[PDB]
Amino acid sequence: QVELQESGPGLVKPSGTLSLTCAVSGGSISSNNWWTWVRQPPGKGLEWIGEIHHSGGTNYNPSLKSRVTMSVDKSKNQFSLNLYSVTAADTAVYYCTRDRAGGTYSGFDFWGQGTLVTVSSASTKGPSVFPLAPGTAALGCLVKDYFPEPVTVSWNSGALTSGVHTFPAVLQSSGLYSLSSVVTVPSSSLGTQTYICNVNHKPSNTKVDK
Amino acid sequence: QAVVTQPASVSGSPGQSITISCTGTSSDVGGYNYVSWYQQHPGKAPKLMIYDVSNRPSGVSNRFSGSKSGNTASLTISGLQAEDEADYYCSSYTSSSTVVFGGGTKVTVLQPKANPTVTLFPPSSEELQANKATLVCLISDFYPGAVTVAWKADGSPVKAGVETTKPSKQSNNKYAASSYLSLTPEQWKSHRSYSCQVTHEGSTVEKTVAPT
Amino acid sequence: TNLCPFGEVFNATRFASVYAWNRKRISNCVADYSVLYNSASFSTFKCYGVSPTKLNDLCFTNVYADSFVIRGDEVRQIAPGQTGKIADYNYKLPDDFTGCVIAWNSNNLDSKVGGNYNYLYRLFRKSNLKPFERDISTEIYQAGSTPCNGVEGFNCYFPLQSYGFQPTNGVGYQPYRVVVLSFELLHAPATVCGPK
Ligand SMILES: *[C@@H]1O[C@H](CO)[C@@H](O)[C@H](O)[C@H]1NC(C)=O
């Protein structure tokens, strides 16, 4: 089925350029669907950014018109967004979605998972991952000192979904994040079953296992 | 562009029926029958629930009714289930050929008091090998979303090295928080006792950890 | 009470592309036609074989409402004995047509900045439609002498063409919503009647 996956840097320097690409799967971008970008600042509401059609048509928020451009790559089967002269106000989760049709707004059916884009003058810092040794017992993964958010934590390369709780990160006084992912398993499986921790930090190309 | 106002919060009780308003202009909600409602669960993309005022997409529960009168859209959720607890956003086409979203509405379904679940993790050998100590207190499944954390070493109060997160709603609508105690490998064996003191609705839960 | 659903047709949120025109059978009801007139300042309202004002006194077996969207330029083709892309390939009225053609500008609803590409029409076809025929086939049109083998490409075109309605277009090129009312009297009891 139709699947949308956003791609792009997680950190953009102030008065820089945000550039994202949504990759359409299970459906040609040449469909009669207005491919749209919608953003959401953390804890704040949704804001429609704009839209694009394969024919080349564009339409953008009057609020951001002067510093936004979108494009279509039919060969790669993806659409793009460029947000020039970025400010801290532009720090948000950027979603790529599509209208149920290529006419007047008819509602957005398919969405991407969202890509958090943090606009800050600070530099990118990779994380330091440490394992956390354990009725029912719990073992975890400490992902200390990273920036910017977020950090993907998988267990057993995706095979372990039950009992997995990744906690929201702590913004330390140093301006760095520390996050913990735990998994509650039975007392028998402790020495009988093997548990690996897959930590991923996209803004630093970090791919560490435990 | 246009301001589309929704009530900030709407609360209900299981089985009850609630209505979220979405008031706008004549250049938006009142001029076109192109209104859409979205349901957004924490940390997930919005879900299309109602399109063109009243039509619900294939697979949406029939308990979601969409209607409009003049310049006001109304999403009605009948027979509320806890899984309906989310943020609801209306949206509409505008005379400017743009789309505008509503302010959002936090819909809350009543839940019983839920006591926290605390887990304490001592500094890992790897952590101590890098000349750092971090004690993590992981609090989960609690309601309402407000706890206070206090740490103790060898039975003694700790006031520096304490970073506690704001409670955030988990998938099951219960809250989760985490307190991090930053120290040194010296201070870690410079004592024998290490305890977390989470106080939720008066009732306090304690967890302790020590090296070996 | 028991009034024929003209609102369901005229006031519909989205209209159909002319190639895929919608029909609505009106039957077993009271048809208050006086509303139709007091409804909107219809840019076009032509009748054939009937007076619109006599319809409240008449009884029909069935009434058919056919809705779709075309350009203002093409509204003149929604008449008997007409020729053009729409009359030939999309919607054909017979010479002996008995009913009314009602059209109105829907630039505010149907045109969009950058184009409204939901509204399509058949640009290519091997022959002309017979009156009231409806062709929905998206089969590849062979423009060249060599066959297509169902594969789109050079000299092999997709039959439908979009309008891409923009508000800045001329009045002739703007979207117009059209409702063609057809009145049918058969050798069966007439069920659709005007109010006394
Ligand atoms: C269409 O809607 C208007 C109000 O928006 C109403 O006054 C009119 O009678 C309706 N037209 C028909 C044909 O029912």
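Criteria and cut-off values
Here the residue numbering is sequential from 1 along each chain as its sequence is written and may not follow the entry numbering; residues with no coordinates are omitted from view. Labels follow written order: the first chain is A, the first ligand is 1, and so on. Excluding hydrogens and water, the side-chain figures rest on all heavy atoms present in the structure. Two residues form a contact once any of their heavy atoms are found within 4.5 Å. The term buried area means the drop in 1.4 Å probe accessible area that two parts suffer when joined, counted for both and summed. For this document, the term salt bridge refers to a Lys or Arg side-chain nitrogen within 4 Å of an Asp or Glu carboxyl oxygen. N or O atoms closer than or at 3.5 Å make up a polar contact, with two conditions inside protein: a donor-capable atom paired with an acceptor-capable one, and, for residues adjacent in sequence, both atoms drawn from side chains. The criterion for a disulfide is a pair of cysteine sulfur atoms lying within 2.5 Å. Runs of E in the DSSP output that reach at least two residues are strands. Runs of H or I that reach at least four are helices, and both are numbered from the N terminus. Exposure classes here rest on a 1.4 Å probe applied to the protein chains alone. A residue is buried below 20% of its type maximum, exposed above 50%, and partly exposed in between. Paired strands, in this sense, are two strands between which DSSP finds at least two bridges. Nearness is judged by heavy atoms alone; a residue qualifies as near a molecule or strand once a single heavy atom is within 4 Å of it. Shrake-Rupley sampling with a 1.4 Å probe provides the accessible areas, and residues are treated as covered by the protein chains on show and by no other component. As used throughout, domain bounds are those supplied by an automatic or database domain assignment. The nonpolar class holds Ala, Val, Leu, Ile, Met, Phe, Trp, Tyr, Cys and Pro. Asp, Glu, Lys and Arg form the charged class, and all remaining residues, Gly among them, are polar.

Method of determination, as given in the entry header: X-ray crystallography; reported resolution: 2.89 Å.

Draft legend 1. Structural view of the interface of chain B and chain A. Facing 41 residues of chain B, the contacting portion of chain A comprises 44 residues. Summed over both partners, the interface of chain B with chain A buries about 3,300 Å², with 65% contributed by carbon and sulfur atoms. A per-residue breakdown of the area chain B buries against chain A is headed by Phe101, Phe121 and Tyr180 of chain B, which together make up 18% of the total. Viewed at the interface, chain A and chain B are joined by zero salt bridges. Scanning the region where chain B abuts chain A turns up 12 residue pairs in polar contact.

Draft legend 2. Spotlight on the state of the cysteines. Residue and element names in this part refer to chain C. Scanning the entire structure with this criterion turns up eight disulfides over all chains. Note on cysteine connectivity: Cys59 is disulfide-linked to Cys193, with sulfurs 2.1 Å apart. Across the S-S bond linking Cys59 and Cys193, the dihedral sits near 125°, which makes this disulfide right-handed. Taken as a pair, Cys59 in strand β4 (residues 59-60) and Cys193 in strand β12 (residues 192-193) lie far apart in primary sequence, 134 residues in all. Paired through a disulfide, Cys148 and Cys156 show a sulfur-sulfur distance of 2.0 Å.

Draft legend 3. Spotlight on the pairing of strand β17 (residues 194-200) of chain B. All names here are of chain B. β17 sits mainly inside the fold: five of its seven residues count as buried. Bridge count between β17 and strand β18 (residues 203-208): six bridges; the pairing is antiparallel. Residue pairing in the sheet places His200 in a bridge with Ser203 of β18. With antiparallel pairing between neighbouring strands as the criterion, β17 and β18 make up a hairpin whose turn holds two residues, including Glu201 at a positive phi of roughly 60°.

Draft legend 4. Expanded view of unusual backbone geometry. Residues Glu149 of chain A and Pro150 of chain A are joined by a peptide bond in cis, for which omega reads 5°. Relative to the elements of secondary structure, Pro150 of chain A occurs in the loop between β13 (136-146) and β14 (152-155). With omega at 0°, the peptide bond leading from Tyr143 of chain B into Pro144 of chain B counts as cis. Of note, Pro144 of chain B is situated in the loop between β11 (133-142) and β12 (151-153). Positive phi, normally seen in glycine, also occurs at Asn77 of chain A, with a value near 65°. Relative to the helices and strands, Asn77 of chain A is located in the loop between β7 (68-73) and β8 (78-84). The exposure class of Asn77 of chain A is buried, given its relative accessible area of 17%. Non-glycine residue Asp52 of chain B carries a positive phi angle of around 50°. Its place among the elements puts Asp52 of chain B in the loop between β4 (47-50) and β5 (64-69).

Draft legend 5. A look at the sheet that holds β12 of chain C. Residue and element names in this part refer to chain C. Strand order in the open sheet formed by three strands is β2-β12-β4, with mixed pairing between adjacent strands. Here the strands that pair on one side only, and so sit at the sheet edges, are β2 (29-30) and β4. Where β2 and β12 come together, two bridges link them in parallel fashion. Paired with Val30 across the strands is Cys193, a residue of β12.

Draft legend 6. Structural detail: the site of the ligand. All names here are of chain C. As a structural note, the neighbourhood of the ligand is formed by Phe6, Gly7, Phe10, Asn11, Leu36 and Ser39. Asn11 is positioned such that a nitrogen or oxygen atom in its side chain is 2.3 Å from an oxygen atom of the ligand. In the model, a nitrogen atom of the ligand is placed 3.2 Å from a nitrogen or oxygen of the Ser39 side chain. In the complex, 50% of the free accessible area of the ligand, which totals 360 Å², lies under the protein chains. Among the elements that make up the shell around the ligand, the one with the highest residue count is helix α1 (residues 6-10) (three residues).

Draft legend 7. Structural detail: the domain arrangement of chain C. All names here are of chain C. By the assigned domains, chain C splits into domain 1 (1-114 + 167-196) and domain 2 (115-166). Each of domain 1 and domain 2 was reduced to a C-alpha centroid, and the two centroids are 25 Å apart. At the interface, 38 residues of domain 1 touch 26 residues of domain 2. A buried area of about 2,500 Å², summed over both sides, lies between domain 1 and domain 2, and 56% of it is on carbon and sulfur atoms. In terms of surface lost to domain 2, no three residues of domain 1 exceed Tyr19, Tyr89 and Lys92, which account for 29% of the buried area on that side. Summed over the shared surface of domain 1 and domain 2, the result is zero salt bridges. For the side of domain 1 that touches domain 2, the secondary structure elements donating two or more residues are β5 (62-71), α3 (85-89), α4 (107-110) and β11 (175-184). Tallied by class, the residues present in the side of domain 1 that touches domain 2 amount to 18 nonpolar, nine polar and 11 charged.

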